[PDB]
Structures are given as C-alpha cells and as structure tokens.
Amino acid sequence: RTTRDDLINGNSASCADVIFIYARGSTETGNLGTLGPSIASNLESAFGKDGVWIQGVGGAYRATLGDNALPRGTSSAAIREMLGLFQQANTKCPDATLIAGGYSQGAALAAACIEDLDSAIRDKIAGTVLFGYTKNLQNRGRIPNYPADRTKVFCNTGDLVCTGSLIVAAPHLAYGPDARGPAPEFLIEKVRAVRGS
C-alpha cells in the first residue's frame, strides 16, 4: 500500500524483469505517498506480481517541504539515497529493465538523481514519469542528460510549481487520474518497446 521495498527485500536469485523506483511528494506517507500505489497496481496487472518490483525512495529522503527551495529542489542526502537504490538494482538484477517516477519534490529528486547517474545505469531506465515537476520551467520540461522520448511530464494548468513558482495551489493535488491511466500506460509502453511483449 504506501510502503514498498521490493528491491531491498527481493531475492537476487529470482530477479523481477522490471524494477520501478518512485519518489513521493512533500509531507507524504510511507515511501510511495498518494500516487505511487495507483501506478504500482497497474504495473503489476501488466507484468504480474512476480514480474515487477516496486521500490519507493525511503531512508534519508524525508520529503521535507522546505527542501523544495534548495538548489536542486531537494536535499543532497535524498539524491544519494536514490542513487544507492539505482546502484542496488544494477548490482542485484543487471538484466532488469528499469523505470522511474516522482511527484512534486520527488520529481525534482528523480530528475537530479538521473542527471548525476553513470550513463551505464541511466541508459537502462526505459521511461520516467514526472507529476507536478517543480523544475519544469527551469529544465524546459526535460531531465538533463536523458532523452525526451523516454520522458513524460504531467503538469496541470494552474499548477504553479510547473511555471517556476513554489506555491502549492489546488491543481498540484489533482494528479490522481494521471497516476491511474496515462502514467502507467506510458511506462508499460516504454518497457515493451525495448523488451518486446
């Protein structure tokens, strides 16, 4: 439900084919928050429960609202936590296809982590979804060093964090429909594009 640690808990001898690493928004609970469980249930429908490991970014990422104001839109400690999960995926299951996502501060964290990642691991991420991307204007809707065709950004009209502000208005809390349909749809399509079907 809101905490999933399938990568940390998973047996290396029986790796899933797909590993999804997700970072929640500010002040959200567990390590998946409000949007992560909806994406996870739809990925499990597509690949089966033993076919995909769902991993939230927990540990040092405390999703503190004030850290939205730091240079990269999150803390250095949270970026190091997400790097450690990508490194664990790459070591535990080197043949797995990776996919990623994040909401709000978690979207800035996913973009900062992927920008810093070694290309050999970064290039294994077949698709990334970002909701309420707080660095949308500043990065011109892109994740630095990562292809546009593997990126999908969901930024609502009137969600001020997509236009360079850090004000939280009602459209920022309206990504539920996207997390239920188009965001898992994009991730499944990008995994099948490289894995076949």
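All residue numbers refer to positions in the sequence shown, first residue = 1.
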{"item": "Higher-B stretch (mean Cα B-factor, as the entry records it), 33-41 or 46-54", "value": "46-54"}
{"item": "66-74 set against 22-30, stretch whose average Cα temperature factor tops the other in the entry", "value": "66-74"}
{"item": "Highest-ranked of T128, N156, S165, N136 once sorted by CA temperature factor in the record", "value": "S165"}
{"item": "Residue with maximal Cα B-factor (values as given in the PDB entry) among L98, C93, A107, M82", "value": "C93"}
{"item": "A169 by Cα B-factor - lowest, middle or highest third of the modelled chain", "value": "highest"}
{"item": "Within-chain third of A89 by Cα B-factor, per the entry", "value": "highest"}
{"item": "Ranked against its chain, the third holding the CA B-factor of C113", "value": "middle"}
{"item": "Lowest, middle or highest third - CA B-factor, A179", "value": "lowest"}
{"item": "Third of the chain, ranked by Cα B-factor, where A13 sits", "value": "highest"}
